[PDB]
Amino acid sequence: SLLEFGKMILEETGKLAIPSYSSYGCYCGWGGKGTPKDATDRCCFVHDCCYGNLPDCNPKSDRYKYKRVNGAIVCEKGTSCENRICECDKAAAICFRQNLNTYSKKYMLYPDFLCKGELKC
């Protein structure tokens, strides 16, 4: 759930998921339209696609557990859904971290109306 994902984001980026990544660009929020503004926004686009491929689950709501070994996130053994949701979240948190170098404040509080157009996964 948002709880676990937010924890990973803080651990990997040093930033609080909300509000640092909850209104970023076109995809880091609830929206999902248009061309991703940058690398960070693409991380969210990919995250949505990952979630979108878990139709048999409830990604944004389902709770799950994970741990850190050797300084890296390790999705622990749980239900199929729990494990997959965790991996989608892990990939995104790491993606945010790898791209902090281009994280731009100007994309925060980004209005959805500026994002239109269907972008296939």
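Each residue number is its position in the shown sequence, starting from 1. Each form is matched to the other, and the largest set of C-alpha atoms that superpose within 1.5 Å is called the rigid core.
Looking at 47-55 and 23-31, the one farther from the shown form in 8 other deposited structures of this protein by average CA distance, after a rigid core fit, turns out to be 23-31. Larger average C-alpha displacement in 8 other deposited structures of this protein, relative to the shown form after a rigid core fit, is seen for 60-68 when comparing 34-42 with 60-68.
Stretch comparison (44-52 versus 60-68) by mean CA B-factor in the PDB entry places 60-68 on top. Here 110-118 and 4-12 are compared by their mean Cα B-factor, and 110-118 comes out higher. Among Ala91, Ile85, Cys26, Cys75, the highest C-alpha B-factor recorded in the PDB entry belongs to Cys75.
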